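Inspection log for the structure reproduced underneath, given as structure tokens.
Protein chains: 2
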Amino acid sequence: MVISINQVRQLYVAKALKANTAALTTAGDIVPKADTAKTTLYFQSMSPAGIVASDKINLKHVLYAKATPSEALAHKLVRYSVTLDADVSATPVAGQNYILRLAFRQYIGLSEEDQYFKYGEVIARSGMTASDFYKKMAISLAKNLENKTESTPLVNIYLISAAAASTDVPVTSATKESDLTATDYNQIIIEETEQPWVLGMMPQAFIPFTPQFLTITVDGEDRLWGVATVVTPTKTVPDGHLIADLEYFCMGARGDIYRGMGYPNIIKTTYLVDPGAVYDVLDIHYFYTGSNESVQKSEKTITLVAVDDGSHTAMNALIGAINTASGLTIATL
Amino acid sequence: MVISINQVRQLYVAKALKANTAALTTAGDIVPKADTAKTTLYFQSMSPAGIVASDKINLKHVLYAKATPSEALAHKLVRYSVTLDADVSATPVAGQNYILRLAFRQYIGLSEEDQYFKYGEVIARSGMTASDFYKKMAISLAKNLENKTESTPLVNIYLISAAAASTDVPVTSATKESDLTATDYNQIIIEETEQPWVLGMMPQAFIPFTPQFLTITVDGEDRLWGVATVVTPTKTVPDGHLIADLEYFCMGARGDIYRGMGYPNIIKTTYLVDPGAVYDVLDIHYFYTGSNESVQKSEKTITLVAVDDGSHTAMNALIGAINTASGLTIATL
Numbered sequence: 001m002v003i004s005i006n007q008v009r010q011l012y013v014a015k016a017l018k019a020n021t022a023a024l025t026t027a028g029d030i031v032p033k034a035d036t037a038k039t040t041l042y043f044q045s046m047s048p049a050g051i052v053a054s055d056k057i058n059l060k061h062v063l064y065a066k067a068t069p070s071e072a073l074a075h076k077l078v079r080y081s082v083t084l085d086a087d088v089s090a091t092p093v094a095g096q097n098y099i100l101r102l103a104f105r106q107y108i109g110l111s112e113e114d115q116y117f118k119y120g121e122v123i124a125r126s127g128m129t130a131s132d133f134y135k136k137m138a139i140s141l142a143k144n145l146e147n148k149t150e151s152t153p154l155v156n157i158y159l160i161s162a163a164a165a166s167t168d169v170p171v172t173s174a175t176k177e178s179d180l181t182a183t184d185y186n187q188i189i190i191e192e193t194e195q196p197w198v199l200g201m202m203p204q205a206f207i208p209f210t211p212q213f214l215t216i217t218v219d220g221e222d223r224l225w226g227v228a229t230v231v232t233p234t235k236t237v238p239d240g241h242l243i244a245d246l247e248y249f250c251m252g253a254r255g256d257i258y259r260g261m262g263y264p265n266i267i268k269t270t271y272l273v274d275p276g277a278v279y280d281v282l283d284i285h286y287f288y289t290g291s292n293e294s295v296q297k298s299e300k301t302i303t304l305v306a307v308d309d310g311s312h313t314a315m316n317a318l319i320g321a322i323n324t325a326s327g328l329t330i331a332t333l
Numbered sequence: 001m002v003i004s005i006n007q008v009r010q011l012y013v014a015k016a017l018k019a020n021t022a023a024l025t026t027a028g029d030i031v032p033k034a035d036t037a038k039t040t041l042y043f044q045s046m047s048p049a050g051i052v053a054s055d056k057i058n059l060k061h062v063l064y065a066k067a068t069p070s071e072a073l074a075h076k077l078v079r080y081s082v083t084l085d086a087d088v089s090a091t092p093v094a095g096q097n098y099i100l101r102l103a104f105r106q107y108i109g110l111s112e113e114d115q116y117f118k119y120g121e122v123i124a125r126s127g128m129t130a131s132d133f134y135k136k137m138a139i140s141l142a143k144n145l146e147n148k149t150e151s152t153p154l155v156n157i158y159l160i161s162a163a164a165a166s167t168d169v170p171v172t173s174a175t176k177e178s179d180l181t182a183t184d185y186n187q188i189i190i191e192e193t194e195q196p197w198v199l200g201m202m203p204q205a206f207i208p209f210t211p212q213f214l215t216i217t218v219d220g221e222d223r224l225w226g227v228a229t230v231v232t233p234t235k236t237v238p239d240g241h242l243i244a245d246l247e248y249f250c251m252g253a254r255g256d257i258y259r260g261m262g263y264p265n266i267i268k269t270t271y272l273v274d275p276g277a278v279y280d281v282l283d284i285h286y287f288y289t290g291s292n293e294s295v296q297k298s299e300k301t302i303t304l305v306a307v308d309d310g311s312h313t314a315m316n317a318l319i320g321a322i323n324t325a326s327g328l329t330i331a332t333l
């Protein structure tokens, strides 16, 4: 995952916070060092091959410093609630074919011009109610979408029982309608899924979607049979696949830019981000100006990531160690 | 002396801290002047031809302001102790010629490639005491050194008796063995010497050396007969000659730069530093920035020298008058 830079950006994983240079013993330790005059801030840390210090931040030449929680960096998956249009008919009219076109927009390619469509179809019956429609619609959608031998999963299908109204009933291709026994179904939730991820090589990306409806002949009138509204999101993609890509890039500004290229003839870098753990990010953005005529700024930033467990314990202690050393006023998340 | 500049260096001599203007009547007086809003700072000082005000320091643009205690600018004359070590022999071997070579560097030229060697030799006898060897080695050094009819020698050779242990007997080319009457001389002191100095033309320099020994053979093996240990220095060169050379260079950034070139047709610059008094120094380093395109900095520095009474009362009064008027907090020494 290549990112943009204002100028060079360095990341330091804060796996443990110490109070001296001498206490740095394990890979992932950190200590914010400063003066007693508070004119220079740097971060001594323990690399996987020894102690390494960061750049020296002039505390007069800081632009901003802000700390971002984990839930700010968690992607909310988009949900769409597919119902029958009550103006058209609240019950399925008999003998009509109910086809639904899910329009994917950023399928495999990177643009909106690379598009993809998955269909679901139900021909309504004489005694088919609304819940028996949503049952057969979601069985037909999951049969087309969530086959096992697809290339990537696209969306998740969930019925909702009107008695429950807050618990998602998962519908897959292996699901039969013998398993779906509830008689009060009021919507079909279609919700996007998390794509695969390889660190550095495949970034975190999502394929957005919209459900679209073909018209039915209701009373001699070609009316589109349903409406699709976007309900509030109830799931989040965690921060871990985003920070490990943020470390894989920012370990070439310190380390090797040739990552893997002539394969046995490489330096291999040890990365201290566990991709299955959430992190909080602190961005100290600062600059350098020269003596007399070298007044152009070299605006750069030093990133710090700390793993946090619910309440942000390790980041608020990191900020509290920076604020007493630097004299800064970084706000605590 | 020629020193480097950060585009300028201005020097003003402080002789009496007057409280305001129209109290400056004698040459050397100074008042630190600033406005009520503490935006600009300057010094109105009585030059030997009238009141002169310094360049105005924008107090938003002060890079550093720090003062020097005048003990940190005094050079220590290095002492070396020459002794017969107990490992080879603590008594002079009866047949061996003991030669002590003094290896100078930065002799007349300016490099360590200009080396000068002076010698001192004693051939020992059967009944020679280790105390009588140090009397003869110091005199044999004081004949090869201290032979200059022109000037003071490159080193001064002293003798400590073990009964005294803190008062050094001086050994000159006039000194014979009848004058040294003690029986317990235990070491030889080879001390540095202050070189000549003339104002503005000959800078203050020193000639470093190393007492080196030639091999004698005692237990069949050629062993170095002595040990040269650097004693902590007991003699200093005061801060007079460096400040007088500092005022000489930095009064050409304000006055005449032709300091005696076409010799009858010259402008005489009256200097206020006498070279026989110690001086505390106070450096204030500021810059200038212009508007809308001229964002380049014109860094400057203003030097203030004040005579030392040992308890630093003249500089601490000058610092405390600045901190009241300017609002900066310069650390009192």
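Those protein sequence lines, which keep their order, are chains d and a.
Just so you know, we're using PDB author numbering here: the first sequence kicks off at 1 and counts up by one.
Just so you know, we're using PDB author numbering here: the second sequence kicks off at 1 and counts up by one.
The beta carbon of each residue, even a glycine, is placed where N, CA and C say it ideally should be.
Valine 155 (chain d) has its alpha-carbon roughly 14 Å from the corresponding atom of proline 233 (chain d). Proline 211 (chain d) has its alpha-carbon roughly 15 Å from the corresponding atom of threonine 193 (chain d).
Contact residues of the stretch 281-315 of chain a toward chain d are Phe287, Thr289, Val295, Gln296, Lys297, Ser298 and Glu299 (C-beta to C-beta distance below 9 Å). In the structure shown, the three-state DSSP call for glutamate 191 (chain a) is strand.
Closest in alpha carbon position to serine 47 (chain d), among d:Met251, d:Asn316, d:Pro203 and d:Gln204, is d:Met251. C-alpha of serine 326 (chain d) to C-alpha of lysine 18 (chain a): approximately 39 Å in a straight line.
DSSP places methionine 46 (chain a) in the uninterrupted beta strand (DSSP E) bounded by 40-47. Where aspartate 132 (chain a) is concerned, the enclosing alpha helix (DSSP H) starts and stops at 130-144. In this structure, DSSP gives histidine 285 (chain d) an extended state, which the three-state scheme calls strand. Nearest neighbour of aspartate 309 (chain a) by Cα position, chosen from a:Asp283, a:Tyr279 and a:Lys297, turns out to be a:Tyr279. Annotation: the continuous alpha helix (DSSP H) that includes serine 326 (chain d) extends over 313-326. Apart from the 5 residues on each side of it in sequence, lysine 300 (chain a) sits with its Cβ closer than 6 Å to the Cβ of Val8 and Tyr286 in its chain, given in chain order. At the C-beta level, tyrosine 80 (chain d) and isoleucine 190 (chain d) come within 7 Å of one another. By alpha-carbon distance to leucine 102 (chain a), the top candidate from a:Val88, a:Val93 and a:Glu121 is a:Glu121. Below the 8 Å Cβ cutoff, chain d contributes no neighbours of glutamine 10 (chain a), its closest Cβ being approximately 17 Å away.
Distance from the Cα of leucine 77 (chain d) is smallest, within the candidate group d:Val237, d:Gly260 and d:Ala317, for d:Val237. The straight-line gap separating the alpha-carbon atoms of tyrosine 258 (chain d) and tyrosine 248 (chain d) is approximately 12 Å. Taking C-beta separations shorter than 6 Å and ignoring five residues to either side along the sequence, the partners of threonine 270 (chain d) in its chain run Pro48, following chain order. In the three-state scheme derived from DSSP, where H, G and I count as helix and E and B as strand, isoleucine 302 (chain d) is classed as strand. In this structure the stretch 39-46 of chain d lies against the stretch 55-62 of chain d, because at least three pairs of beta carbons, one per stretch, are closer than 8 Å.
When C-beta distances to chain d are compared with 7 Å, every residue of the stretch 36-47 of chain a stays at or above that value. DSSP places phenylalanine 206 (chain a) outside any alpha helix (DSSP H), giving it a letter other than H or E. Taking each of d:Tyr12, d:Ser140 and d:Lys38 in turn and checking the Cα distance to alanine 27 (chain d), the smallest one comes out for d:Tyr12.
Annotation: the continuous alpha helix (DSSP H) that includes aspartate 245 (chain a) extends over 240-250. By the Cβ-count criterion, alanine 72 (chain d) is exposed, with fewer than 16 other Cβ atoms from all chains shown falling within 10 Å of its own Cβ. Under the three-pair Cβ rule at 8 Å, the stretch 132-146 of chain a counts as touching the stretch 168-176 of chain a.
Only residues of its own chain outside the window of five on either side were considered, and among them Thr83 and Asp85 have a CB closer than 7 Å to the CB of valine 227 (chain a), listed in chain order.
Taking every protein chain shown into account, the CB of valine 31 (chain d) has 16 or more other CB atoms within 10 angstroms, so this residue is buried. Note that the stretch 122-133 of chain a touches the stretch 89-98 of chain a; at least 3 beta-carbon pairs, one per stretch, sit closer than 8 Å. DSSP lists no bridge partner for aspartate 85 (chain d). Setting aside the 5 residues that flank it on each side, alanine 130 (chain a) is surrounded in the same chain by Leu84, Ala90, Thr91 and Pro92, each with a C-beta closer than 7 Å to its C-beta; the list follows chain order.
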